[PDB]
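> One structure, pasted below without further comment.
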Amino acid sequence: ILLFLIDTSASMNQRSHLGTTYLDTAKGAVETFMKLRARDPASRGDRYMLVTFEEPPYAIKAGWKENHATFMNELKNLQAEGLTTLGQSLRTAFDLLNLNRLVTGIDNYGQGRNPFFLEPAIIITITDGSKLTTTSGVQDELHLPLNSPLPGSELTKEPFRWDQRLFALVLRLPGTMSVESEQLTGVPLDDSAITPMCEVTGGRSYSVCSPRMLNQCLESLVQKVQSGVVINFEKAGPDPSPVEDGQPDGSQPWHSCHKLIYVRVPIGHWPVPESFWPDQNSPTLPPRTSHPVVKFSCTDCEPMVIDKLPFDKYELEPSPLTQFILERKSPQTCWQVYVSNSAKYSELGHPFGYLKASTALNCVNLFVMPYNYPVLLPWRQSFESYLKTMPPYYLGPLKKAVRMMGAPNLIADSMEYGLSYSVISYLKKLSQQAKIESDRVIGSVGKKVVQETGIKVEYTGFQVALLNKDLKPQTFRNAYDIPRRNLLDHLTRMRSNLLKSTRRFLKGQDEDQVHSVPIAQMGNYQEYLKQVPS
Amino acid sequence: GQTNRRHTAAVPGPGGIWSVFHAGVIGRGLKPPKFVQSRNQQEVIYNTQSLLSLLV
């Protein structure tokens, strides 16, 4: 799923050095991105959406239940007229991407946080350089407005989601020559108000300066689409305890890269449950975070973990692997990882996995382990006392693995909270109704706005008409659509047309055809008694 | 240097029973002005001489 955000604002009317405006260059770049992505044999399941800088009823051009034909037709007729309302457009796009999330089961907020339930989405937000306006002045903060929150959105406290990356294109093409071609293989950043918003999600922001640089950035962007598993790392709290082959001193601490969870839907178990201590009676649930604040500690702690535990291959995208490569990729050794923010009743973090590398030393495998592996792996009334340290709802998925061996547990203590189940079906129904109402009025514009609003300065109610583009005057049916110049000739033409008594008469003077004239479409409505047997 | 009376007296395609032969006009055709700059050759360079003398 790819949602292209093209502003089509009035500031996108300035002409480049090639002769076309920035909007035409953006549309051409989108078309070349389409034809480049079509090369990879994986573009048979994705869906394209379009978002412009227009009113909430008119911002979306093609959303759910819209094929490629209507999407291309809407992107073709894009007009650059309006202000640069970036915040409202980003909010509308994020709400559109989060319409079918509370109904299928993604981010249920009650049963862990399953990383194998993915809904990838990439935003391009092709906008102008700077100087965004909000009908009052020029702002320099880019704060997303919060006026009408969706039902069930206060449990994340952030507009974007687990898998929602945000790339940006500014299209800073000069007007005279664009002769800046010193650095060949180098794509700098835009350094604008959208740069922090993009970096928070996990995607960079390109700075287009030349058509060659545009082609380079488009060819570099097609290689950044996969399953979205974005997790945040922190150096705390080990004081860079990497004393293995050298001495530490770094910027590879707050790594917020993605992870490629390739399927073999995705197959996996043992998710990151949450970051708080869930109580048995809690009417209000604390809001989750889109990026989990999980921290790693550099300790050997028996990296050899061999068992019949179901295996996972959530591949990690190499972005800050320099710190690992400095220590020879940690051969035959790993380092634990633990989620912060009160992972248990009374403690600060519980190691639930590690980041052991592969034998090929190519990337990090991201070995996800159970909540507390070094205890259950090595019954004398031990498991009954051990199952009290883990979160309650967490007994859900692990028991499935126990199904591979037997079934000692039951549904006696399989209860998260009596108040968490309530006020959940109503929120899901409200979200479904909102998604249906949004998908219903998605393409039907029905503007019907043509007036001059004649002010005084039949009274207080007059309004002069405006020039209608698609008027289609009926010359043979309506007599008012016949001007004075070609009146007598048109009169004789109408007379001859009425006195001819032909078959299948029409009221159009000369209606040649539409913009498209297909050969197969016209040849299908015919009959040819021939087969060419010879 | 640099309406309908005439259209009615010759209408009905000379048949009074069919439509016109053509199918309309595109714009106007046969631009009336078609004027060319032919004011004068002499006494034009002397105005330029006077202007250059003023500028000098």
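Convention: chains lettered A, B, ... in structure tokens order; per-chain residue numbering from 1; ligands numbered from 1 as shown.
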Starting from chain A, keep only residues with some atom at most 9 Å from an atom of chain B, counting only C-alpha atoms, and report them as a list in words.

residues 484, 485, 486, 487, 488, 489, 490, 491, 492, 493, 494, 495, 496, 497, 499 and 500 of chain A

> Near residue 71 in chain A, within 12 Å and counting only C-alpha atoms, which residues show up once chain neighbours fewer than 2 positions away are dropped, as number ranges by chain?

A: 2-4, 30-31, 47-51, 60-69, 73-78, 442-443

> Quick one: everything within 10 Å of range 42-44 of chain B, counting only C-alpha atoms, minus sequence neighbours fewer than 4 positions away in the same chain. Send it as a PyMOL selection string.

chain B and resi 1+48-49

> Could you tell me how far CA of residue 191 in chain A lies from CA of residue 133 in chain A, in Å and to one decimal?

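Taking CA of residue 191 in chain A and CA of residue 133 in chain A, their separation equals 18.2 Å.
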
> Quick one, how far is CA of residue 353 in chain A from CA of residue 156 in chain A?

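Result for CA of residue 353 in chain A versus CA of residue 156 in chain A: 24.5 Å, one decimal.
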
> Using DSSP on the backbone coordinates, identify the residues of range 3-203 of chain A assigned to alpha helix (DSSP H); present them as a PyMOL selection string.

chain A and resi 22-37+56-59+68-76+86-97+194-201

> Figure out the distance between CA of residue 270 in chain A and CA of residue 398 in chain A, please, to one decimal in Å.

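Between CA of residue 398 in chain A and CA of residue 270 in chain A the gap is 7.0 Å.
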